[PDB]
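**Student:** below you'll find the sequence and an experimental structure to go with it.
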Amino acid sequence: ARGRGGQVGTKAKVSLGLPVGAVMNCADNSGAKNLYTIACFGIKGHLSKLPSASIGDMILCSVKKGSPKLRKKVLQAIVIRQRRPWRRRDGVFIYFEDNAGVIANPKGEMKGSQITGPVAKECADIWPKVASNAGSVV
Amino acid sequence: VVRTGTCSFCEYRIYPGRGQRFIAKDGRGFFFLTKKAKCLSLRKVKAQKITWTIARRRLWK
Amino acid sequence: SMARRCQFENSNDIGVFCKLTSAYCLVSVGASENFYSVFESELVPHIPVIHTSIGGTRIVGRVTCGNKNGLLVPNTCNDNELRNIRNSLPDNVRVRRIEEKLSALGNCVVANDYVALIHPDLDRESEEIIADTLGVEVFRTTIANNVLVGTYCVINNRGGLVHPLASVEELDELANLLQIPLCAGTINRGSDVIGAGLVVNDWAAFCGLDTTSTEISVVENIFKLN
Amino acid sequence: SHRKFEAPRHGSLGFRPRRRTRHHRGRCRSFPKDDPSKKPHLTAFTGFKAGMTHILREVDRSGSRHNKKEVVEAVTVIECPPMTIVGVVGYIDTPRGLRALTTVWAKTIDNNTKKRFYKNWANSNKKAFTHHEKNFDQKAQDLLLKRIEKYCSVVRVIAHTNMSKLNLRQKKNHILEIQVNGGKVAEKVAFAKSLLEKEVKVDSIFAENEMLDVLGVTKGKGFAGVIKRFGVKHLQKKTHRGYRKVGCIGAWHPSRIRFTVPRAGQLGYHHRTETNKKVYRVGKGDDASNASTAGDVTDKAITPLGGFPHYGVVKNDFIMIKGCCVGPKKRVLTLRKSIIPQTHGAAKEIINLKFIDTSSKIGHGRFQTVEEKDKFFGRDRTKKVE
RNA sequence: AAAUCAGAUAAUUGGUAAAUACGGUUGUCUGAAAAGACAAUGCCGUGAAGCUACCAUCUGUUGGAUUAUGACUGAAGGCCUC
RNA sequence: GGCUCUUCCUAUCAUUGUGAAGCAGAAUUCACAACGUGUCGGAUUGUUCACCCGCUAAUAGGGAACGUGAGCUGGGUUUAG
RNA sequence: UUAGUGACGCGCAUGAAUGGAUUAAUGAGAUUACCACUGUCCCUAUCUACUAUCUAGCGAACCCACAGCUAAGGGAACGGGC
RNA sequence: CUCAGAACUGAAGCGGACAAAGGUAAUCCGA
Ligand SMILES: [Mg+2]
Ligand SMILES: [Mg+2]
Ligand SMILES: [Mg+2]
Ligand SMILES: [Mg+2]
Ligand SMILES: [Mg+2]
Ligand SMILES: [Mg+2]
Ligand SMILES: [Mg+2]
Ligand SMILES: [Mg+2]
Ligand SMILES: [Mg+2]
Ligand SMILES: [Mg+2]
Ligand SMILES: [Mg+2]
Ligand SMILES: [Mg+2]
Ligand SMILES: [Mg+2]
Ligand SMILES: [Mg+2]
Ligand SMILES: [Mg+2]
Ligand SMILES: [Mg+2]
Ligand SMILES: [Mg+2]
Ligand SMILES: [Mg+2]
Ligand SMILES: [Mg+2]
Ligand SMILES: [Mg+2]
Ligand SMILES: [Mg+2]
Ligand SMILES: [Mg+2]
Ligand SMILES: [Mg+2]
Ligand SMILES: [Mg+2]
Ligand SMILES: [Mg+2]
Ligand SMILES: [Mg+2]
Ligand SMILES: [Mg+2]
Ligand SMILES: [Mg+2]
Ligand SMILES: [Mg+2]
Ligand SMILES: [Mg+2]
Ligand SMILES: [Mg+2]
Ligand SMILES: [Mg+2]
Ligand SMILES: [Mg+2]
């Protein structure tokens, strides 16, 4: 029982900003502060090409700082904000000031209620529960 | 119409395809025409105090 | 009348993909025919069903809010989407673009044709805009001590469904507040995300496929559609 | 040793050997499939790379991420001044392949084209085509054309790039074969004849939202290390001779190096046939409106403020293509029609243009027009003139 | 529509700066100001052109003959069977 | 031994077209034409191997002086402390 | 986590100045985490000086049976020569 | 020749070049 099943469509092209090992903020109230990036789904690489995730992706991660109940296990998360500038159909490039993610079950459900900070557009279309829990969506 | 954006540092008039965007913890977005713009406004320099700005030109007209 | 089940692509989250008020319905642009069917079939003559997108996204459900006097779109909104909307809208209803740091208007605002509940931290100007435009009395609250009311509670002029963990006390306060009966429950087979699973207005209810017979019963019963 | 981890090879062999090109303007070694369907049409055309800009369009394409929204896309502008037609050329099909049967020259061959035959025009007595002039007998020409009608499979027009219309150094024109595709040999010939000593416009050939092919020479990068050339992965930075090498030139047996292993050498100045570029606009060097839109409703010329960098002002007509194409600014290019007419989605897409950027490229420009810069700084040049 | 590959481009966004471009500034030296120079690029910020990257963008067809296999007609061998 | 790179084998892991089943579907297994293309990111170990964590259409098995030191590297092995 | 640490110890082959057990300061001494850090890496780009380049002048050395394109074959069982 | 106060002023920069320690917790040796 794994994967991204609750994704609602195609995810747009975003410059991949979070390779493996990347540690990002965790914006949910799950009680985990951060997410250590282990893999990213749907990737077959080239030799020695680091697996990379971006806004909207579903990663496989672990919790480095947070509730002792959460760390030491392998969880899935969904990237919300990234600091790596990507580009949108208007030609403008954007970025947030942090790298943020929300722990989720493979079905696309969040474990948590409030999501701290804004969530990127590119995450909403893909993940309606995440979108539901957004305070703001840019 | 040709829809024009405004630069959140100097309030210069921006057209499509040029420039970038920042998004702070607040959710406050900013839209910069120039790298030089971004650098300043993220260095937290006050637009008013820089001469080529429209801010400065406001203060002193 | 009856509550109908649908699916947007494979998701049950219809609450995310459309906005239903007594005067209009909004649905996202790329939908399957079956979606549109389940909507048009019931609401077609009576209300405009308006296909749109907001900031070029299909989430119109969570990003805007409104009742039959008004529509409040986020600053996410592209000019053309706005125009499209004004042109698809009866002249009675007015449309406004708000700048609220909290950009999901559908998440941060629940409204029926009288009362509106807002995110505790929302801008005063946003408040009086909801007030003036929608023509409503506004109260800042938290359903189930969660700040997203639009997401965690659903309302028509008759009654409302709220997050299943709302205490009896809370339920009372709110009922008194909105001047309508409230009921705690779940939708879409156990989900606590009631807003995402349900849309309703005075004569019609759409909800996700997996909503159990029991749950729909609950809905039909509190929303007083018969 | 079976090699340890399997990755794809480091270049396309079909692109080797990697040396420079003989063909300077484009060389189409195929012209589109010929069909009897339509009256004879002219196969390709010649132009020059001016600059790039970006566009804002609205997408009607259904099913797309972008349906009914504004997109911004990169675009190349290619100046396309009128080509002149000089001659006709018949080809025979022989068991050893095609062959040139004959070339019918007009009376009018302007000096600059004659330049082709000379390395320097001005130190020469300019003797070229003299005998074709003094001896010119229209009857004979007609006889030759009739000849071609009689014996010929393929008909091509000998075409003339008139360089005098541009501002560049090179004034010496270009001499092309543009094959003629149309049903009956005879009509091909008639057509060809109609063309002689006349000027052909890009509109004659290419339409809007039409799909294009661009033929030309990659920019020369000179002698290239292996990393730049084939994109090998660079060796460990600790490596004694240097790390920009490939590690193993080959195994013991065979006793030599295969043509397959990457090595140093020239990169750049090759010929490429790039396929399926979309035409966002075709415009006349007369319209001062040519850079504007239904949505714009103001005067705009495609030439960016301060002019296209390292190119100039575009006074002539032009084609504006989606994306980028081969070569540095000022490289001539041959735009050929698609081998088979393109039926796919991107090719059917009707293009609605909203913004075309005239903003300076020499810097980061915020002004779309002089008038704008001036209003901003309160200098009226119409005022200084007055 | 994406991934891996292939071939290019540089409008945009990034990267690069010994254009020593313009500004800032430490120590010294020219009586001072002004203007500079020396500290193998003093240091710092922005920095056009160029080069450059999935860290940017564009583009990557159509027939014929056949294999395995499934069939038509069919004889050796009245019937049978690719 | 690894790194780098190229090519070959087919006793085919995946992809193409098929035959077979104790082939309902889904999945799987046996076989045929067949390499044309692909066959990845990390823990520990000098490691070949092995074992685990993962993504993946798949994470096939091999050759080329047990491919590849005037290509590196020098952890292992095998001088002198 | 064949790594590190703490424990257990049917110690191949621990053990008492052939010293056993400890141990602050201490170390260009062996090992493991972690924090900061970063071009080690993902993934490679760009800039400077000196070279390699070309020129005037000057001007060696290693090595050298005979020589120098391969496929197979046989052959002192991997030929360049047959 | 040392030390301390207050106020004003700059793109919040100011040991501006030069000079100039990265930390922490463990294990083994040898004081
Ligand atoms: Mg770590
Ligand atoms: Mg590797
Ligand atoms: Mg291969
Ligand atoms: Mg041919
Ligand atoms: Mg390249
Ligand atoms: Mg050397
Ligand atoms: Mg720049
Ligand atoms: Mg000084
Ligand atoms: Mg001075
Ligand atoms: Mg001096
Ligand atoms: Mg000195
Ligand atoms: Mg120095
Ligand atoms: Mg500098
Ligand atoms: Mg810089
Ligand atoms: Mg592509
Ligand atoms: Mg393709
Ligand atoms: Mg076989
Ligand atoms: Mg068997
Ligand atoms: Mg490794
Ligand atoms: Mg070996
Ligand atoms: Mg020893
Ligand atoms: Mg380790
Ligand atoms: Mg262990
Ligand atoms: Mg030590
Ligand atoms: Mg010379
Ligand atoms: Mg010399
Ligand atoms: Mg032999
Ligand atoms: Mg041989
Ligand atoms: Mg003081
Ligand atoms: Mg101060
Ligand atoms: Mg400092
Ligand atoms: Mg250390
Ligand atoms: Mg000692």
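**Tutor:** Yes, it's here. Numbering: from 1, shown residues only, chains lettered A, B, ... in the order given. Ligands and ions are numbered 1, 2, ... in the order given.
**Student:** how is residue D:372 assigned, secondary-structure-wise?
**Tutor:** Using DSSP: H, G, I helix; E, B strand; the rest coil, the structure places residue D:372 in helix.
**Student:** do you know how far it is from RNA strand F?
**Tutor:** To RNA strand F, residue D:372 is 50 Å away according to Cβ to the nearest atom of the strand, to the nearest Å. Where you see a C-beta, it was placed from the backbone N, CA and C, and this is true even at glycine.
**Student:** any idea how far residue C:88 lies from residue C:81?
**Tutor:** Going from residue C:88 to residue C:81 by Cβ to Cβ, to the nearest Å gives 10 Å.
**Student:** between the two, who's got more neighbours?
**Tutor:** Neighbour tally, residue C:88 and residue C:81, criterion other Cβ atoms under 10 Å in any protein chain shown: the higher count belongs to residue C:81, 21 against 14.
**Student:** dump the residue contacts of the residue nearest to residue D:192 when sequence neighbours are not counted.
**Tutor:** Closest residue to residue D:192 in three dimensions, ignoring its sequence neighbours and counting by Cβ to Cβ, 6 or more residues apart in numbering or on different chains: residue D:88, at 4.3 Å. By Cβ atoms under 8 Å, 6 or more residues apart in numbering or on different chains, the contact set of residue D:88 is D:103, D:104, D:145, D:148, D:155, D:156, D:157, D:158, D:189, D:192, D:193, D:196.
**Student:** let's see which of those residues end up in strands.
**Tutor:** Among the contacts of residue D:88, the members found in strands (DSSP state E) are D:103, D:104, D:155, D:156, D:157, D:158.
**Student:** and the residue of the stretch 1-150 of chain D at minimum distance from chain A, how many neighbours?
**Tutor:** With Cβ to the nearest Cβ as the measure, residue D:72 is the residue of the stretch 1-150 of chain D nearest to chain A, at 3.4 Å. The tally of other residues near residue D:72 (other Cβ under 10 Å) stands at 20.
**Student:** how much space between it and RNA strand F?
**Tutor:** From residue D:72 to RNA strand F the distance is 31 Å (Cβ to the nearest atom of the strand).
**Student:** tell me the bridge partners for that residue.
**Tutor:** residue D:56 (DSSP bridges).
**Student:** from what I can see it touches residue B:15, true?
**Tutor:** No - with contact defined as Cβ atoms under 8 Å, residue D:72 does not reach residue B:15; the gap is 10.3 Å.
**Student:** which residue does chain A bring closest to RNA strand G?
**Tutor:** Of all residues in chain A, residue A:50 sits closest to RNA strand G, at 3.1 Å by Cβ to the nearest atom of the strand.
**Student:** for the stretch 151-300 of chain D, that is, sorry about that
**Tutor:** residue D:233 (3.9 Å).
**Student:** that residue: how many residues sit nearby?
**Tutor:** Neighbour count of residue D:233, defined by other Cβ under 10 Å: 13.
**Student:** ok, it - contacts?
**Tutor:** By Cβ under 8 Å, 6+ apart, the contact list for residue D:233 reads A:47, A:48.
**Student:** what strand or helix carries the residue minimising distance to the centre of chain A?
**Tutor:** Note on chain A: the residue nearest the mean C-alpha position is residue A:79, at 1.3 Å, using Cα atoms, centre = their mean. Using DSSP states H and E, residue A:79 falls within strand A:75-81.
**Student:** same for the lengthiest helix in chain A, what does it pack against?
**Tutor:** Ranked by number of residues, the top helix in chain A under DSSP state H is helix A:128-133. Applying 3 or more Cβ pairs under 8 Å, 6 or more residues apart in numbering or on different chains; DSSP states H and E, we find helix A:128-133 packed against strand A:100-104, helix A:121-124, helix C:60-63, helix C:194-197.
**Student:** write out the residues of chain A neighbouring RNA strand F.
**Tutor:** Within reach of RNA strand F by Cβ under 7 Å from any atom of the strand, chain A has these residues: A:2-3, A:20, A:38-51, A:60, A:74.
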